[PDB]
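Before any questions on how it binds or moves, here is one chain, the form described as "open conformation" in its entry title, in structure tokens.
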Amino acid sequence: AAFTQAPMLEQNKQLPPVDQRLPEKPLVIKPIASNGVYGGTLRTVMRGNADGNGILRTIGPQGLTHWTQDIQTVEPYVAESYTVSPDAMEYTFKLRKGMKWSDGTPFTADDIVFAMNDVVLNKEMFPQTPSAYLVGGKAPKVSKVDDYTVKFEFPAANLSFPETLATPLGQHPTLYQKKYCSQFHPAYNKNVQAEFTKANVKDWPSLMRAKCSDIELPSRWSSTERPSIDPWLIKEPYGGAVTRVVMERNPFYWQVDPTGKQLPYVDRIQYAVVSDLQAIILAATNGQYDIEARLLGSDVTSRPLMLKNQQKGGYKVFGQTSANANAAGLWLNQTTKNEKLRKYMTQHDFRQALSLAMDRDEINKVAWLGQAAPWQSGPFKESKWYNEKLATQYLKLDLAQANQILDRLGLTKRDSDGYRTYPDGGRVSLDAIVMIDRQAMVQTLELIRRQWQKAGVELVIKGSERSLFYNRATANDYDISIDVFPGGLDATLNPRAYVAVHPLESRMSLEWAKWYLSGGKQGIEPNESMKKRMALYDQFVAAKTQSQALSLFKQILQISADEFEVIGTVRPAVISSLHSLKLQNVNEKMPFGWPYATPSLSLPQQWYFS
């Protein structure tokens, strides 16, 4: 009885009063910076007519949980609260009594149970269940406990599930209104076949996708009648050839600010549909967008143009933090077929010397324009996974120490070109594979080649397109592979740099990874420290409590630090973004990435115009 609404809703005479449209207890959103005011149209942009995730990452997945701003944990979001059983298998969600869909009808456990059992877990709909809802490849039992309580029962520990529910790919539970969607489902509509010709499809899964959609389908944004719990609703749909998309506030949105205003603050979102980046950067520098945090930061050429024109365009450039720990890390192949090299590749002090012979300040200045600070492979300080050794050991150039180590390891005989040689002959030479489309990585290797020559080590660059790059890796035909190190902020989601579990990307040895993934039937058996990390990883995946998962995974990171298997160059540059100076409550320190649906991580329903 203390809630208010956007003035524009006063004119809609088929709406109940705002306190009746809200849940009994709406979710209260604390603003990023200040309490807001109603009004305005958020101007943003999509590139082409297959950029529908741009809508999703603008308005935000409305999942059962939501990431915190530092993406260190999640909180109840659509769910009022939830419990986790001691064995980490059972997840029980309480829902917000009185919450309604965009069409004013009830949002209840019926919708979640329909979404899971009749859509997600239906083998005609999804012959392969989306991995978001699996553990060890197995699905949960999903049950209605009462109108506002739903239970997920997995057959194995699954502590990641609340985090999964905060990602775009884990939002199916709240995406399907049973009332609307059941019309297109044969378990509920005996005459669903009559719907096929209407929708212009030939089977009921295609019909469901057409009318009710999926996370990333164009049909999610192509109709006005598909109910949702989104902060804004499609009004001018994202059509195959439309030039703009318009969305308008959901009168039944289920959140208020601390003063009782039903969110969102902003009345409408208008998406310009634009043909290419050249046109998008121009409009952005002209100040035609109130927010752009998806497309411009992918193109390293955009930042100078954006900064130059801030005052002209009335906008502020800000920098988001990529999840990757390293922009261009050296993956050293412990199972290189070069037998003479392998006897050195497997020695910690050899890898240490190579890191000490690198000048990361030069790499940063020359190949990354000074925007990418030296770093190894470890999580960042703002991550709960931070390990100082894993992040910072062996970062500083010490050519004398590198040469002293290499002398000590017996690589003292120089050939006629000045390079070190193995004790029984042969130049100390490492083949590094690189994708030429990663131009900054190629230049980084060129700088490393010049630096390592000062330590008597030859780096031979082998640039190719993607397919040959991956062919060589999977064939175990490389000494070094250069590519990102994940783990700056997403170490458990993407642990490939710390334990050899990714079949294509854990390039300290994909033969080790093949062994792990095949249960020892294929590949090459890893060394003891890696087998131990693999055992710790399996235990971490099966952990029953947060504190147990934390201690197990920290052990993996410590062993990875002690081994020093992969050599980082520089952490990624910030991702350049902009918001108009009038747009308030944008979290300018938020990370970047698809699992967090950025920029919607920042809660666009509490952005507002001053």
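All residue numbers are counted from 1 along the displayed sequence. Here the rigid core means the biggest group of C-alpha atoms that line up within 1.5 Å when the two forms are laid on top of each other. Shifts are known only where both forms have a C-alpha.
From this point on, the text means the form described as "closed conformation" in its entry title, which you will not see here.
Compared between the shown form and the other one on the core, the listed residues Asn338, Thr105, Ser143, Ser85 keep their C-alpha shifts below 2 Å, save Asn338. Whereas the shown form places them at one spacing, the Cα atoms of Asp562 and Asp70 lie at least 3 Å farther apart in that other deposited form. Whereas the shown form places them at one spacing, the Cα atoms of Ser551 and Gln69 lie at least 3 Å farther apart in that other deposited form. Relative to the superposed core, shifted segments between the shown form and the other one, defined as three or more consecutive residues with every Cα moved by 2 Å or more, span 324-489, 491-573.
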